[PDB]
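J.: So that we are looking at the same thing, I have put the structure below in structure tokens.
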Amino acid sequence: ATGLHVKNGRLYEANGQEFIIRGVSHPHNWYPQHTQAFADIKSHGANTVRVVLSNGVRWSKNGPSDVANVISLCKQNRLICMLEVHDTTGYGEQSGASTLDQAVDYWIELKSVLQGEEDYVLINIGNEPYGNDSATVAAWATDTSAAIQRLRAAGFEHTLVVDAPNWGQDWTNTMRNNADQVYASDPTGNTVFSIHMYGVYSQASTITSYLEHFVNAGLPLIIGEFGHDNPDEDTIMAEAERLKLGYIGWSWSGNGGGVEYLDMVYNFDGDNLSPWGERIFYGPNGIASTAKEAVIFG
């Protein structure tokens, strides 16, 4: 059965209530010991959590039982769970990345724990699945359409979330110009596009133009990741509120590799907010003042 689904370019629960995602990502794969984060994230008002999983290509695979446990943590804490395979990141540029087909192999393997959870879980097929290599960025639309068709053929009814090329930022506007072709390829219409806004989106003009393109065309869109400063997070949040689009900040805690300033809380301590955590949860157009829990939990 279908749970969350798309109607007229927007996201709805099965009872017909519109759902506007207001959440954060949590690096579950890399920090399995920090499962308290699910309740901590809920305590600050988020309605969704984007969970980092691995299909075993680049990190250690999250098996079915582990994924079942993450889904119950989401449900227990009344959060919609967006699961994502992180191994696809930067494919065609990043050495050892997974392809979307390898991500799809993994989702099919979890079929028995995901089927029947369509009201609670969204499947983000693969994070930022192309880097900037021109020849593989040119395959974004065909590869993404192929992955959707495989998932629907395996019986998945969930709403699927697909990321853009150019490491998620789509500065080539490949996702923007071709999302109509990809959307048409899902027989159920339950596909949502996801843009990640970092340094390409430091100007308000670029942010606004990108979001309006999708809203004016009825193409479903969420801001799957964004950071602060240098993207203009003030405009990203204001515009997401004005246009009623979902957004998900990166990330709860535990950033390494130079982006330690993207931690929202220090050392996974839910009461120890950084300035980014205070901006995204408690600032203007922030999670605590704008998010609404999914009505499926009432």
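We name chains A, B, ... following the order of the structure tokens; residues begin at 1 in each chain, and ligands are numbered from 1 as shown.
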Output as an NGL selection string all residues of stretch 194-229 of chain A that backbone DSSP marks as alpha helix (DSSP H).

T.: :A and (204-217)

J.: Excluding stretch 168-183 of chain A and any residue of its chain fewer than 2 positions from it, enumerate the residues within 7 Å of it, using only C-alpha atoms, and give them as a PyMOL selection string.

T.: chain A and resi 128+141+145+163-166+185-186+189+191+195-197+200

J.: Please produce a file of those selected residues containing N, CA and C atoms, as a PDB file, in the first residue's frame.

T.:
ATOM      1  N   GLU A 128      24.010  12.275  -3.188  1.00  0.00           N
ATOM      2  CA  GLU A 128      24.876  12.968  -4.166  1.00  0.00           C
ATOM      3  C   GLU A 128      25.584  12.019  -5.123  1.00  0.00           C
ATOM      4  N   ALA A 141      20.132  11.467 -15.522  1.00  0.00           N
ATOM      5  CA  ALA A 141      18.710  11.200 -15.760  1.00  0.00           C
ATOM      6  C   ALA A 141      18.416   9.754 -16.125  1.00  0.00           C
ATOM      7  N   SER A 145      16.431   7.240 -13.515  1.00  0.00           N
ATOM      8  CA  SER A 145      15.180   6.665 -14.013  1.00  0.00           C
ATOM      9  C   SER A 145      15.261   5.139 -13.940  1.00  0.00           C
ATOM     10  N   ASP A 163      18.724  12.390  -5.431  1.00  0.00           N
ATOM     11  CA  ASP A 163      19.651  13.499  -5.302  1.00  0.00           C
ATOM     12  C   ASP A 163      20.149  13.964  -6.661  1.00  0.00           C
ATOM     13  N   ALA A 164      20.739  15.140  -6.711  1.00  0.00           N
ATOM     14  CA  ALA A 164      21.321  15.727  -7.913  1.00  0.00           C
ATOM     15  C   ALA A 164      22.783  15.364  -8.134  1.00  0.00           C
ATOM     16  N   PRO A 165      23.281  15.575  -9.350  1.00  0.00           N
ATOM     17  CA  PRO A 165      24.703  15.416  -9.660  1.00  0.00           C
ATOM     18  C   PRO A 165      25.461  16.649  -9.179  1.00  0.00           C
ATOM     19  N   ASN A 166      26.743  16.752  -9.516  1.00  0.00           N
ATOM     20  CA  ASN A 166      27.605  17.852  -9.078  1.00  0.00           C
ATOM     21  C   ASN A 166      27.673  17.876  -7.554  1.00  0.00           C
ATOM     22  N   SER A 185       9.109   8.915 -15.468  1.00  0.00           N
ATOM     23  CA  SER A 185       9.533   7.530 -15.451  1.00  0.00           C
ATOM     24  C   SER A 185       9.068   6.776 -14.224  1.00  0.00           C
ATOM     25  N   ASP A 186       8.461   7.430 -13.249  1.00  0.00           N
ATOM     26  CA  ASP A 186       7.930   6.729 -12.080  1.00  0.00           C
ATOM     27  C   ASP A 186       6.433   6.583 -12.385  1.00  0.00           C
ATOM     28  N   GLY A 189       4.286   8.193  -9.592  1.00  0.00           N
ATOM     29  CA  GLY A 189       4.396   9.632  -9.363  1.00  0.00           C
ATOM     30  C   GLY A 189       5.002   9.963  -7.995  1.00  0.00           C
ATOM     31  N   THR A 191       7.940  10.340  -6.493  1.00  0.00           N
ATOM     32  CA  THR A 191       9.399  10.611  -6.531  1.00  0.00           C
ATOM     33  C   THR A 191       9.553  12.088  -6.141  1.00  0.00           C
ATOM     34  N   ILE A 195      17.701  18.818  -3.505  1.00  0.00           N
ATOM     35  CA  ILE A 195      18.883  19.652  -3.834  1.00  0.00           C
ATOM     36  C   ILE A 195      19.700  19.834  -2.545  1.00  0.00           C
ATOM     37  N   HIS A 196      21.023  19.839  -2.643  1.00  0.00           N
ATOM     38  CA  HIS A 196      21.867  20.064  -1.457  1.00  0.00           C
ATOM     39  C   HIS A 196      22.509  21.445  -1.669  1.00  0.00           C
ATOM     40  N   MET A 197      22.310  22.362  -0.724  1.00  0.00           N
ATOM     41  CA  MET A 197      22.801  23.704  -0.967  1.00  0.00           C
ATOM     42  C   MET A 197      23.991  24.082  -0.084  1.00  0.00           C
ATOM     43  N   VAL A 200      27.660  26.756  -3.810  1.00  0.00           N
ATOM     44  CA  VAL A 200      27.108  27.280  -5.048  1.00  0.00           C
ATOM     45  C   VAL A 200      25.967  28.226  -4.726  1.00  0.00           C
TER      46      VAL A 200
END

J.: Restricting the calculation to only C-alpha atoms, which member of A:237, A:160, A:80, A:184 is positioned closest to residue A:121?

T.: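 Selected residue with least distance to residue A:121: A:80.
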
J.: For residue A:294, please output as a ChimeraX atom specification all residues within 12 Å (counting only C-alpha atoms; exclusion window: fewer than 6 positions along the same chain).

T.: /A:3-4,11-23,42,45-48,74-75,77-81,119-121

J.: Would you export the selected residues with N, CA and C atoms as a JSON list (two decimals), in the first residue's frame, please?

T.:
[["chain", "number", "residue", "atom", "x", "y", "z"],
["A", 3, "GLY", "N", 1.89, 5.03, 1.37],
["A", 3, "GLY", "CA", 1.66, 5.82, 2.62],
["A", 3, "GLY", "C", 1.91, 7.28, 2.18],
["A", 4, "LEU", "N", 3.11, 7.77, 2.50],
["A", 4, "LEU", "CA", 3.50, 9.10, 2.02],
["A", 4, "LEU", "C", 3.47, 9.03, 0.49],
["A", 11, "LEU", "N", 4.07, 16.83, -1.03],
["A", 11, "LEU", "CA", 4.15, 15.59, -0.29],
["A", 11, "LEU", "C", 3.04, 15.48, 0.75],
["A", 12, "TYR", "N", 2.33, 14.36, 0.76],
["A", 12, "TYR", "CA", 1.20, 14.11, 1.59],
["A", 12, "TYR", "C", 1.23, 12.79, 2.34],
["A", 13, "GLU", "N", 0.69, 12.82, 3.57],
["A", 13, "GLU", "CA", 0.47, 11.54, 4.26],
["A", 13, "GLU", "C", -0.78, 10.92, 3.62],
["A", 14, "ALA", "N", -0.99, 9.62, 3.80],
["A", 14, "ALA", "CA", -2.09, 8.85, 3.26],
["A", 14, "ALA", "C", -3.47, 9.36, 3.63],
["A", 15, "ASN", "N", -3.60, 10.11, 4.72],
["A", 15, "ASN", "CA", -4.88, 10.68, 5.11],
["A", 15, "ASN", "C", -5.12, 12.00, 4.38],
["A", 16, "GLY", "N", -4.19, 12.42, 3.52],
["A", 16, "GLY", "CA", -4.39, 13.63, 2.75],
["A", 16, "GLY", "C", -3.80, 14.87, 3.41],
["A", 17, "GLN", "N", -3.07, 14.70, 4.50],
["A", 17, "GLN", "CA", -2.50, 15.87, 5.16],
["A", 17, "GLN", "C", -1.14, 16.18, 4.51],
["A", 18, "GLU", "N", -0.90, 17.42, 4.16],
["A", 18, "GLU", "CA", 0.40, 17.78, 3.57],
["A", 18, "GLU", "C", 1.48, 17.67, 4.64],
["A", 19, "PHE", "N", 2.65, 17.21, 4.22],
["A", 19, "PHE", "CA", 3.76, 17.01, 5.15],
["A", 19, "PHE", "C", 4.93, 17.85, 4.67],
["A", 20, "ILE", "N", 5.39, 18.74, 5.55],
["A", 20, "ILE", "CA", 6.51, 19.61, 5.22],
["A", 20, "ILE", "C", 7.68, 19.20, 6.13],
["A", 21, "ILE", "N", 8.65, 18.55, 5.51],
["A", 21, "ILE", "CA", 9.82, 18.03, 6.21],
["A", 21, "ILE", "C", 10.62, 19.15, 6.85],
["A", 22, "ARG", "N", 10.97, 18.95, 8.12],
["A", 22, "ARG", "CA", 11.78, 19.89, 8.88],
["A", 22, "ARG", "C", 12.70, 19.03, 9.75],
["A", 23, "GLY", "N", 13.88, 18.67, 9.21],
["A", 23, "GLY", "CA", 14.69, 17.73, 9.94],
["A", 23, "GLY", "C", 16.18, 17.95, 9.81],
["A", 42, "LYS", "N", 14.27, 14.76, 18.12],
["A", 42, "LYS", "CA", 12.85, 14.97, 18.34],
["A", 42, "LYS", "C", 12.62, 16.01, 19.43],
["A", 45, "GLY", "N", 12.33, 19.53, 18.29],
["A", 45, "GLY", "CA", 11.22, 19.80, 17.40],
["A", 45, "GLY", "C", 11.28, 19.22, 16.01],
["A", 46, "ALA", "N", 12.36, 18.56, 15.59],
["A", 46, "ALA", "CA", 12.34, 18.04, 14.19],
["A", 46, "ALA", "C", 11.22, 17.04, 13.97],
["A", 47, "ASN", "N", 10.71, 16.91, 12.74],
["A", 47, "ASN", "CA", 9.67, 15.95, 12.43],
["A", 47, "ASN", "C", 10.21, 14.82, 11.55],
["A", 48, "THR", "N", 11.45, 14.98, 11.10],
["A", 48, "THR", "CA", 12.09, 14.02, 10.21],
["A", 48, "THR", "C", 13.55, 13.87, 10.59],
["A", 74, "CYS", "N", 12.92, 5.58, 14.88],
["A", 74, "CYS", "CA", 12.17, 6.69, 14.28],
["A", 74, "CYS", "C", 10.74, 6.65, 14.78],
["A", 75, "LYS", "N", 10.07, 5.50, 14.64],
["A", 75, "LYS", "CA", 8.65, 5.39, 15.00],
["A", 75, "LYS", "C", 8.40, 5.65, 16.46],
["A", 77, "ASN", "N", 10.12, 7.53, 18.35],
["A", 77, "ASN", "CA", 10.30, 8.95, 18.61],
["A", 77, "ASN", "C", 9.43, 9.84, 17.74],
["A", 78, "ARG", "N", 8.48, 9.26, 17.02],
["A", 78, "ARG", "CA", 7.54, 10.03, 16.20],
["A", 78, "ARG", "C", 8.24, 10.93, 15.19],
["A", 79, "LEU", "N", 9.16, 10.34, 14.46],
["A", 79, "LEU", "CA", 9.90, 11.05, 13.42],
["A", 79, "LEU", "C", 9.71, 10.27, 12.12],
["A", 80, "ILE", "N", 9.53, 10.97, 11.01],
["A", 80, "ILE", "CA", 9.48, 10.22, 9.74],
["A", 80, "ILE", "C", 10.96, 9.90, 9.47],
["A", 81, "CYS", "N", 11.27, 8.73, 8.98],
["A", 81, "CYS", "CA", 12.65, 8.28, 8.77],
["A", 81, "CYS", "C", 13.05, 8.35, 7.30],
["A", 119, "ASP", "N", 4.20, 4.58, 5.36],
["A", 119, "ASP", "CA", 3.71, 5.76, 6.03],
["A", 119, "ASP", "C", 4.84, 6.40, 6.83],
["A", 120, "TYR", "N", 5.92, 5.66, 7.12],
["A", 120, "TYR", "CA", 6.93, 6.18, 8.02],
["A", 120, "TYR", "C", 8.28, 6.45, 7.41],
["A", 121, "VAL", "N", 8.58, 5.77, 6.29],
["A", 121, "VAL", "CA", 9.91, 5.82, 5.74],
["A", 121, "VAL", "C", 9.93, 6.36, 4.31]]

J.: Which value, in Å to one decimal, gives the distance between atom CA of residue A:209 and atom CA of residue A:259?

T.: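 Result for atom CA of residue A:209 versus atom CA of residue A:259: 26.9 Å, one decimal.
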
J.: Identify, on the basis of only C-alpha atoms, every residue whose closest approach to stretch 218-228 of chain A does not exceed 7 Å; exclude the query and any residue fewer than 5 positions from it along the same chain; express the result as a PyMOL selection string.

T.: chain A and resi 8-10+192-198+233+245-250+262

J.: Hey, what's within 12 Å of residue A:268 if we count only C-alpha atoms and toss same-chain stuff fewer than 5 positions away? As an MDAnalysis selection string, please?

T.: chainID A and resid 26:28 31:41 251:255 263 273:274 277

J.: Would you save the residues of that selection, restricted to N, CA and C atoms, as a PDB file, in the first residue's frame?

T.:
ATOM      1  N   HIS A  26      21.547  12.434  10.565  1.00  0.00           N
ATOM      2  CA  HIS A  26      22.288  11.853  11.704  1.00  0.00           C
ATOM      3  C   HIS A  26      23.178  10.771  11.140  1.00  0.00           C
ATOM      4  N   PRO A  27      24.467  10.782  11.414  1.00  0.00           N
ATOM      5  CA  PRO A  27      25.431   9.863  10.851  1.00  0.00           C
ATOM      6  C   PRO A  27      25.470   8.490  11.517  1.00  0.00           C
ATOM      7  N   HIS A  28      24.342   7.813  11.498  1.00  0.00           N
ATOM      8  CA  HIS A  28      24.156   6.497  12.081  1.00  0.00           C
ATOM      9  C   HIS A  28      25.236   5.491  11.700  1.00  0.00           C
ATOM     10  N   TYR A  31      28.415   6.288  13.458  1.00  0.00           N
ATOM     11  CA  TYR A  31      28.325   6.391  14.911  1.00  0.00           C
ATOM     12  C   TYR A  31      27.193   5.549  15.440  1.00  0.00           C
ATOM     13  N   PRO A  32      27.264   4.218  15.309  1.00  0.00           N
ATOM     14  CA  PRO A  32      26.216   3.322  15.758  1.00  0.00           C
ATOM     15  C   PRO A  32      25.903   3.372  17.250  1.00  0.00           C
ATOM     16  N   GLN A  33      26.844   3.793  18.079  1.00  0.00           N
ATOM     17  CA  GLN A  33      26.703   3.924  19.523  1.00  0.00           C
ATOM     18  C   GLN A  33      25.841   5.103  19.943  1.00  0.00           C
ATOM     19  N   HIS A  34      25.570   6.018  19.004  1.00  0.00           N
ATOM     20  CA  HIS A  34      24.794   7.209  19.380  1.00  0.00           C
ATOM     21  C   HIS A  34      23.347   7.125  18.956  1.00  0.00           C
ATOM     22  N   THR A  35      22.640   6.054  19.287  1.00  0.00           N
ATOM     23  CA  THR A  35      21.223   5.927  18.977  1.00  0.00           C
ATOM     24  C   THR A  35      20.350   6.797  19.860  1.00  0.00           C
ATOM     25  N   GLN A  36      20.879   7.450  20.896  1.00  0.00           N
ATOM     26  CA  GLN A  36      20.105   8.406  21.674  1.00  0.00           C
ATOM     27  C   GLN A  36      19.774   9.656  20.855  1.00  0.00           C
ATOM     28  N   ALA A  37      20.538   9.907  19.793  1.00  0.00           N
ATOM     29  CA  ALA A  37      20.306  11.043  18.909  1.00  0.00           C
ATOM     30  C   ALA A  37      18.881  11.113  18.400  1.00  0.00           C
ATOM     31  N   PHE A  38      18.248   9.975  18.091  1.00  0.00           N
ATOM     32  CA  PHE A  38      16.860  10.020  17.615  1.00  0.00           C
ATOM     33  C   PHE A  38      15.929  10.751  18.578  1.00  0.00           C
ATOM     34  N   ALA A  39      15.993  10.409  19.868  1.00  0.00           N
ATOM     35  CA  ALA A  39      15.150  11.130  20.841  1.00  0.00           C
ATOM     36  C   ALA A  39      15.622  12.559  21.033  1.00  0.00           C
ATOM     37  N   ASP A  40      16.920  12.854  21.014  1.00  0.00           N
ATOM     38  CA  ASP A  40      17.434  14.205  21.154  1.00  0.00           C
ATOM     39  C   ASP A  40      16.972  15.122  20.022  1.00  0.00           C
ATOM     40  N   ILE A  41      16.995  14.603  18.792  1.00  0.00           N
ATOM     41  CA  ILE A  41      16.561  15.380  17.617  1.00  0.00           C
ATOM     42  C   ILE A  41      15.090  15.720  17.713  1.00  0.00           C
ATOM     43  N   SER A 251      24.774  18.788  10.005  1.00  0.00           N
ATOM     44  CA  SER A 251      24.264  17.487  10.409  1.00  0.00           C
ATOM     45  C   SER A 251      24.275  17.495  11.964  1.00  0.00           C
ATOM     46  N   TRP A 252      23.660  16.514  12.602  1.00  0.00           N
ATOM     47  CA  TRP A 252      23.576  16.511  14.073  1.00  0.00           C
ATOM     48  C   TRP A 252      24.899  16.692  14.803  1.00  0.00           C
ATOM     49  N   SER A 253      25.875  15.843  14.530  1.00  0.00           N
ATOM     50  CA  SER A 253      27.186  15.925  15.179  1.00  0.00           C
ATOM     51  C   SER A 253      28.161  14.965  14.505  1.00  0.00           C
ATOM     52  N   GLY A 254      29.434  15.024  14.891  1.00  0.00           N
ATOM     53  CA  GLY A 254      30.426  14.089  14.419  1.00  0.00           C
ATOM     54  C   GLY A 254      31.014  14.338  13.056  1.00  0.00           C
ATOM     55  N   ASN A 255      30.891  15.630  12.537  1.00  0.00           N
ATOM     56  CA  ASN A 255      31.522  15.876  11.244  1.00  0.00           C
ATOM     57  C   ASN A 255      33.042  15.739  11.391  1.00  0.00           C
ATOM     58  N   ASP A 263      28.625  20.669  12.696  1.00  0.00           N
ATOM     59  CA  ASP A 263      27.962  20.005  13.824  1.00  0.00           C
ATOM     60  C   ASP A 263      26.929  20.923  14.455  1.00  0.00           C
ATOM     61  N   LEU A 273      24.201  22.781  22.189  1.00  0.00           N
ATOM     62  CA  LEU A 273      24.109  23.332  20.860  1.00  0.00           C
ATOM     63  C   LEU A 273      25.256  24.249  20.472  1.00  0.00           C
ATOM     64  N   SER A 274      25.696  24.120  19.235  1.00  0.00           N
ATOM     65  CA  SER A 274      26.640  25.040  18.624  1.00  0.00           C
ATOM     66  C   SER A 274      25.772  26.167  18.060  1.00  0.00           C
ATOM     67  N   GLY A 277      23.485  24.823  15.449  1.00  0.00           N
ATOM     68  CA  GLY A 277      22.345  24.128  16.056  1.00  0.00           C
ATOM     69  C   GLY A 277      21.336  25.159  16.536  1.00  0.00           C
TER      70      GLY A 277
END

J.: Using only C-alpha atoms, which of A:76, A:213, A:43, A:89 sits nearest residue A:288?

T.: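 Closest residue, counting only C-alpha atoms: A:43.
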
J.: For residue A:232, please output as a list in words all residues within 8 Å (counting only C-alpha atoms; exclusion window: fewer than 4 positions along the same chain).

T.: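 Within the cut-off, the hits are residues 201, 202, 203, 204, 228 and 236 of chain A.
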
J.: Could you save those same residues with N, CA and C atoms as a CSV table (one decimal), in the first residue's frame?

T.:
chain,number,residue,atom,x,y,z
A,201,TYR,N,25.3,28.1,-3.6
A,201,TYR,CA,24.1,28.8,-3.2
A,201,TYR,C,24.4,29.9,-2.1
A,202,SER,N,25.6,30.6,-2.3
A,202,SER,CA,25.9,31.7,-1.4
A,202,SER,C,25.0,32.9,-1.7
A,203,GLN,N,24.5,33.1,-2.9
A,203,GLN,CA,23.7,34.2,-3.3
A,203,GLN,C,22.2,33.9,-3.2
A,204,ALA,N,21.4,34.8,-2.6
A,204,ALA,CA,20.0,34.7,-2.6
A,204,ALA,C,19.3,34.5,-4.0
A,228,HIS,N,25.8,26.3,6.6
A,228,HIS,CA,25.6,27.7,6.9
A,228,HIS,C,26.7,28.6,6.5
A,236,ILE,N,17.9,30.5,2.5
A,236,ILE,CA,17.4,29.1,2.3
A,236,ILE,C,16.2,28.9,3.2

J.: Quick one: distance from atom CA of residue A:161 to atom CA of residue A:123 in Å, one decimal?

T.: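 Separation between atom CA of residue A:161 and atom CA of residue A:123: 5.8 Å.
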
J.: Could you give me, as a ChimeraX atom specification, the residues within 6 Å of stretch 96-98 of chain A, counting only C-alpha atoms and dropping anything in the same chain fewer than 2 positions from it?

T.: /A:57,87-88,91,94

J.: Keeping only N, CA and C atoms, write the selected residues as a PDB file, in the first residue's frame.

T.:
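Contents of the output file out-v8.pdb:
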ATOM      1  N   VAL A  57      29.726  -0.720   0.144  1.00  0.00           N
ATOM      2  CA  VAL A  57      30.686  -0.493  -0.936  1.00  0.00           C
ATOM      3  C   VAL A  57      31.867   0.270  -0.385  1.00  0.00           C
ATOM      4  N   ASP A  87      27.204   5.664   0.202  1.00  0.00           N
ATOM      5  CA  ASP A  87      28.306   5.210  -0.632  1.00  0.00           C
ATOM      6  C   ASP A  87      28.359   5.721  -2.060  1.00  0.00           C
ATOM      7  N   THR A  88      27.263   6.185  -2.652  1.00  0.00           N
ATOM      8  CA  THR A  88      27.215   6.682  -4.016  1.00  0.00           C
ATOM      9  C   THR A  88      27.869   8.041  -4.189  1.00  0.00           C
ATOM     10  N   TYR A  91      30.361   9.729  -7.286  1.00  0.00           N
ATOM     11  CA  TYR A  91      30.658   8.704  -8.253  1.00  0.00           C
ATOM     12  C   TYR A  91      31.005   9.365  -9.591  1.00  0.00           C
ATOM     13  N   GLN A  94      34.841  10.595  -7.222  1.00  0.00           N
ATOM     14  CA  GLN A  94      35.309   9.980  -5.983  1.00  0.00           C
ATOM     15  C   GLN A  94      35.702   8.520  -6.195  1.00  0.00           C
TER      16      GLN A  94
END

J.: To one decimal place in Å, what is the distance between atom CA of residue A:90 and atom CA of residue A:62?

T.: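 Atom-to-atom, atom CA of residue A:90 to atom CA of residue A:62, that is 20.2 Å.
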
J.: Compare A:150, A:86, A:292, A:158 by their minimum atom-to-atom distance to residue A:126, counting only C-alpha atoms, and give me the closest one.

T.: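 Among A:150, A:86, A:292, A:158, it is A:86 that comes nearest to residue A:126.
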
J.: DSSP on the backbone: what in stretch 208-262 of chain A comes out strand (DSSP E), as an MDAnalysis selection string?

T.: chainID A and resid 221:226 246:249

J.: I need the residue nearest residue A:289 from this list: A:24, A:138, A:230, A:44. Use only C-alpha atoms for the distance.

T.: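 Looking only at the distances to residue A:289, the closest residue turns out to be A:44.
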